[PDB]
Ligand SMILES: Nc1nc2c(ncn2[C@@H]2O[C@H](COP(=O)(O)OP(=O)(O)OP(=O)(O)O)[C@@H](O)[C@H]2O)c(=O)[nH]1
Ligand SMILES: Nc1nc2c(ncn2[C@@H]2O[C@H](COP(=O)(O)OP(=O)(O)O)[C@@H](O)[C@H]2O)c(=O)[nH]1
Ligand SMILES: Nc1nc2c(ncn2[C@@H]2O[C@H](COP(=O)(O)OP(=O)(O)O)[C@@H](O)[C@H]2O)c(=O)[nH]1
Ligand SMILES: [Mg+2]
C-alpha cells in the first residue's frame, strides 16, 4: 500500500527524525525490536516474523549524530545499513556538502533510496527533513535533491526546513548558505513547510510553561506537526487529505510553494484540563499570530490558501462553523481571488502523547499549513542580512576553495531576489 | 631539592585541579522517558 | 592501517561486535 | 578516521603538553600504564582521536615529543603519565639551541627535521584520513619558535588541505626572561601567519594574574599555569571525542571564526574559575557563567577587549544543559555590548553544546574569540623589535648562521601589514 | 522579581549593613551557614528581592561591602552572620581615606570605583529585572561620604529610571567626632540631592536620645544602635518581600512623599519601642502605636517636627490588624494637629498594611515623613561650614588634591537654595 | 559518615574501591548522553542480537523440525 | 505485587497503615535529607502544595511518603515532626531497596552498588500499582527547576489503582 520514504540530512534532520520515528512507533504500537507485543504500512515495512523496519535513510557526513543513534535504543529498530555515515563534516559550508566531500556519499545514499523506493507498491511521497543552517544539511541536501529530480520526475517531494531565525543564529555563516540553498528550494521542491528555532522557542514557554526546553522539546513539536500531516494517509477518517491533494490546495503558482505551520492544543496537562478545547477555540489559536512556528507576522501579508488538518474526535460540521468564524474575522485577512480559502481534513484517532513529554492528551489538534504572502519578509529579511557580509567578501575563501565559481553567490542573490519579487507581484 | 609534598603538589599543579572541581552534586541524570 | 578494539567506532564495528567479543 | 596528530614543540610545549596528556588521560579514564576504567564506555567509543592501539590492549598517545636538549625529556618520562609515550616517539637533540632563531631554524634544524618528519609520517599515514595537527610551542625560545615553526613549514607543504592548530605562547609586556624575546617571536610569525591555519595565543603573565585575582592562589608556580591552560586545551577538542547537541570540529572552528585568511590569531578563555571560599557561593548556570567568560578579568590573553572589537566569537559549552538560555543569551550579550562587537556581522558568534563536561564539573566553556584588540601586542613586539633593530644590537649572534638584512625588514613589514589590516577593520 | 541591590559605604556603612542582613536573615529563616529552617511557606515565596540562589541550595545576600581600608570588614567576616556574604563582593581598599572627602571622591576613589561598578552590574543585570538600589553610608566620614556619593552619581547614569533610596547618617551638633564635619557634609549633599531619588536622614544624637529616654538602655553600644536603625531599614521594603492587605513598594513611597522633585529628605521613626520594664505594662493597640509614631523623642533625626510643618507623611503598618483602626487614627492626628501639618495637602499622609509582623512583636509601624522642620539641621551645617570657610581652615587637605575654590561655593549655593526652598513652604 | 555534609569538594571518594582498576565494577556501567536523557526507558539499550543457532550460513532460525 | 509490607508504612502519630489504605490516591515517594539545603528550601512549598490539594476538594487526591537520606534516628524524628504525610522508618531495609530501585542516592555509590546514573537529592517521584515510575518532577534534573516543579504533578492520570 502507501508509503512515504523519509530522508533526513544534517544533525537537525537526524535529531528531528529521532523524535518523529519515536512518535510513529507509539501511534500504531510498535516496539523498538520491530515486533508488535495494515496501518503500519505507511512508515514501516513488515519483513519476517513481525520485524517492522522503518522507511528512513539517515544522512550525515560526520560520524557523530548517527553513530550515537546506532549505540542508543534504536540499534534494532533502525536496521543498520541505511544509517549512512561519512567521516569529514561539511563544516557549516555549502561548498563542502554540495562538492568535494559529499559525492562519495550521494552514490551510496541514492542506492539505498532506490532500494527503499522500489520495494513497496505505489510510493506516495518523499518527506525530506533538512537543515538550511549549516553544512551537511544544506550541501548534501541540495546535491541529493537535484538527483531525485531526474531520478523521479513526477514525484511529490515535501520538505521540512530549519531556516535561520532572525535574532537566534548559532553559526555566523548561516546567511550565506541559506541564500545559497534557495536554488535547491525554489525549483526542486513541491512543498516547503517553513520552521525555525526561535519560534518553537516561544511556542513552548508561553504554552507549555518550560522556560528552559531543549532541542528534544523542539523536535517533539515538529514530530506532532508531521504526525498530523501524515495521519490521513496512515489512518482512516471522514474527508481525508492525501499528499496528492495536499499541494493541490496550497500551491497556486509553480514557484510560490513556501508554506508555514501552526499546531493548536499545545498545553501541559495542568492548564489543559482548565480550558475546554472547542473547535472554534483551537482554530483561532491556530490562526493566532503568535502560534506560527516561524517569525512571520501573518498580518503584514494576506493569506492565499489554508490547509487545516483537524484530527481526533471532530465532527465535519462544526469545522465549517469555526471556519466561518475565521472568515468573518477581519484580523484574519484573505486576498480577493479565493471566496473559499480552506481545505480541511479530519482523522479519527486522537493526537497521541509521548509518555514523558511536555504535552497532554487531546482528541483534537489543528495542524494548519498555510501558503501566505507573509512568508516573503522571512526571505527578504535574509536579503539585507546576506548583502552586509558579501559587500567586502568575508568567509568566501573557503567557498572559492572547494568549488563555488564567484557568481554562484550572484545567481543565488538574484534567485532569492526574484523569489519575494513574485510575492508582492501576486498579491495586489 | 626541597622534598616537601606540598611543594611538589604545587609545582605539578594539583591545586588548580582542586580549585577547578565543584564541591557539590554536579552529575545529575534521570531518564525522563517512560515506556 | 590502525586497528583498535571492538568497543571503538572505527571501520565496520557492528560486524566486529557479535562474532568476537572484545 | 577522525584523528589529530600532536606535536610537543620545545620544552615550553613539553611542560604544557605533559599536563595536556594529563587532562585527556583522566578525561578518557586512562591508567598511566595504558589501560582503562571509568564506568562509561563513551570514553572508548571515540578513543582513536588522540590514542592508538598498541597491539596488547595498551593505548599510547599520538604525540611527537621533540626538543634540542634531553634534560627536559628526562623530566617528562620521570614525571607521572610519562611512561604512556612509546620510547620511539621521543626525538633528541644534544647540543641545545642557544635561545637563538638561527641555532634552531637553520643549523641544527638540518640534522633533526629529517628525523622528526619520519616519525610524523609513520604516525599520520597510519590512518585512512585525518583532520590535522595541533602544536604546543613558544615564541620566546629558539627551539620552540625557530625549529618549531620550521616543522610547520614542512608539514604544510606535504599536507596542504589539513588543519593547523597552534597553541602558542607570546612574550610578555611587563616581564621578559631569556632577554632576546622579539627576535625570536617576530621571525617565527613570518611563517606562522601563512603556514598555520589557526593560531591562538597565551600570555604567561596573563596566566600569572588570573591565578592571582580570580583563582586567589598565593604563590603561583608554573604547574598551576599549565593545568589552567590545559582546561582550554581539552575544551576546544572535546566535541570531537564526545557526542553533543551542536557537534563541532576544528574545521567548524576555522570556518566560523576567520573572515580573511591573513588574520587568525585568536583569544582563548575558560570558565568557571573560583577560589575555595568562592566555590560554594557562586551559581552554576549559563546566564551567570557567560558574564564571567565575557571579561578581560579571566582572559588568558592580556589584550584588553574594551579597546577592541570582536570580529567573531565562539563558546563551546560542555555538559548537559538546555540550549535556549544559551543562544538567547548569545544575542543578549551582543545587544548589551553592541559597540564591543563589529557592526557588519549580525550574530557575530557561534554557540556549541557538548554533552560530556570536564570531570568534576557540571558545565564549562572555552572561548575562541577573533578580536582586533589583539593588535596591541602586535604593536608592542614591533616597536620593541625596532628598538634593537635600529641600534644593530644582539644580532651578530644571528648573521653568522644564515641571516641577512632582507628577511628582517621583511619580518618588520609583515607585522606592519597585519597591524594595518587590524586597525582598518574597525 | 524586583531585586534590591545593597551597597555598603564606609566603616559605619559596613556595620549597619551587617545589622540589616542579620535581621533580614532571621526574618526569612536563614541559618548562619546559609541554609533554611522554619518550614513556613511565606518566608520563601519572595526571597529573591534580597537573596540569590548559589546552586548549593542556599542563599547569598545581594550586598556589596566597600570602603578604602581593610580593617573594617575583617571583623565582620569573623563576626556572626557575617560569613553569609559573597566573598568576592568585598572590594577592599588599601590606603584608607583619612576622613577626607577629597581623597574618597577624587584621588584614590577613582581607581577603585571601577571594580565597584564591575561587581555591581554583575549582581544587577544577573537577574530578570531590577527594582533599584539601597545605599547605607555616612556624610561625615571620608569613605562613605567621599566615594559613596561618587558611586551614587555614577550608578544613576547607567540606571536613570530605577529607584534609589539611601539611608544616610548625618553629623551631630553636640557630639562632633571626625573633626572636619561640615566639609564632608555640605560637599556631599549638594551632589546627593540631584542624584538620589529619596534620602532618609538619621542622626547619631537622636539615636542616643531614643536609647536613653525611650528604651531606657543603660549602655547603648553601636551594635544596639545599629539595631534601632535596622528595624526601620526592613520596614520600608516590607510590602516587597511580604504580602499584605495594602501594598507599598519603594516607588509607592517616593511618589506620595515628594510633591516637588528637589526635596526628598525624610525623617524616620520606628514603633513600638518599649523599655524592658514597660513592655508588660504597655497596651499594643493601633491608637497608641500612631502616637508613638508621632513623637519628637522617637524621631531618629534630631529635627523637632513641631518646629515646622508635616509636608507629607506615610506609615507602613505590619502585622494582622483591622484596617479601619488604621484609617481612623490616620485622620484624627491630622485634625487634632492642624498646625503641625501643611494646609494645602488634603490627607497629608499615606497608610499601608503588611500582613507579616516583625519577630516577636504583634504589630509594628515604621514611619517616614517629609517635614520642613529639617531645615534647622541644614542651617546648622550652613553656619558651621561658613565659620570654618571664612578662615580657610583645613582646606589644604582638600585643594591640594585637584579641586578649585568654586566647587565649595556652588555647594553652599545649592544647599542654601534648599534651605530657602523649605522656608517658602512653611 | 563519609564526608558529604560540608560541601564535599573532591571526587577521590569514588577511587578507593577501584584500587586495582580492573575489578569489573569500574568497567562500563553508565552512558551520559542527551539521547538517554530524553529517549530512553528501562533496558532497551543493552540487549544482545539474535542471529542464528546454526552459524554464519544461518540467515534465521529454522531446521528439519519445520 | 506488594510494595510496602504490613509493618512498614506509618503516618503521623505512629499508626501503621497497610497497602489497603492507599488506593484511589496519587502516590509519590519523597526522598529527602534533613540537613540538605535543597530539601529545607523545598519543604515549605511541598507543605503548602499538599495542604491546598488535599484540603480544597471532595476527595483526598494526592499523598506523599517520606524516605530519609539522613544520618541517624534523632535526625529522623527532628525531620519527621515537621511533615504530616506518610513515612518509612530509616532502619527498615525497604528504604534501601527503594533507593536502589528508583536511583535516588547520595554519592556513596561505588562502595556498595556501582552502577551508573544517579538522580540525586531531593526527589519527589510519583509511583503506581507495581512500583513503576510514572513521571519525574524535575526539581534537580535536566530541567533543574526548583520549588515549582511540584505543579508538574498529574493526579488525574496517575492513580494508585
Ligand atoms: N529544530 C532543531 N534544529 C537544530 C537541531 N540541531 C541543530 N539545529 C539547527 O541546525 C542548524 C545548523 O545545522 P546543524 O545540524 O547544526 O549542522 P548540519 O546541518 O548537520 O551541517 P554541519 O554544519 O556540517 O554539521 C542550526 O541553525 C541549528 O539551529 C535540533 O536538534 N533541532
Ligand atoms: N613552559 C614554560 N615556559 C616558560 C617558563 N618560564 C618562561 N617560559 C616562557 O618560555 C619562553 C622561553 O623560551 P623556551 O621555550 O623556554 O626556551 P628554548 O629552549 O630556547 O625554546 C619565555 O618567553 C617564557 O615566556 C616555564 O617555567 N615553563
Ligand atoms: N550608626 C553608627 N554610626 C557610626 C558607627 N561607627 C561610626 N559611626 C559614625 O560615623 C562617623 C565616623 O565616620 P566613618 O564612617 O567611620 O568614616 P569613614 O569610614 O571614612 O566613612 C562618626 O561620626 C559616627 O557617628 C556605628 O557603628 N554605627
Ligand atoms: Mg548535531
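Residue numbering for chain A follows Swiss-Prot, covering 1-37, 47-437 in order.
Going by what the header records, the deposited coordinates were determined by electron microscopy, 3.3 Å.
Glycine residues also receive a Cβ, built from the backbone N, Cα and C atoms like all the rest.
According to Swiss-Prot, the features are:
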- A:11, A:71, A:144, A:145, A:179, A:206, A:228: GTP binding site (BINDING)
- A:71: Mg(2+) binding site (BINDING)
- A:254: active site (ACT_SITE)
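Annotation note: residue A:206 (GTP binding site) sits in a helical segment as assigned by DSSP. In terms of local Cβ density within 10 Å, A:71 ranks first among the recorded positions A:71, A:254. In the three-state DSSP scheme, residue A:144 (GTP binding site) falls into the coil class. Distance noted between the C-alpha atoms of residue A:144 (GTP binding site) and residue A:254 (active site) is 33 Å.
In this structure, the recorded positions that sit close to ligand 4, with a C-beta under 6 angstroms from any of its atoms, are A:11, chosen from A:11, A:71, A:254. Of the binding-site residues A:145, A:179, A:206, A:228, A:145 has the largest number of other Cβ atoms within 10 Å of its own Cβ. When the binding-site residues A:11, A:144 are scored by other C-beta atoms within 10 Å, A:144 scores highest. Secondary structure at residue A:228 (GTP binding site), as computed by DSSP, is helix. Chain D lies within reach of A:11, A:71, A:179, taking the binding-site residues A:11, A:71, A:145, A:179 and requiring a CB-CB distance under 8 A. The closest partner of the residue listed as 'active site' among the binding-site residues, by CA position, is A:228; the full candidate set was A:11, A:145, A:179, A:206, A:228. Under the DSSP three-state reduction, residue A:71 (GTP binding site) is assigned to coil, being neither helix nor strand.
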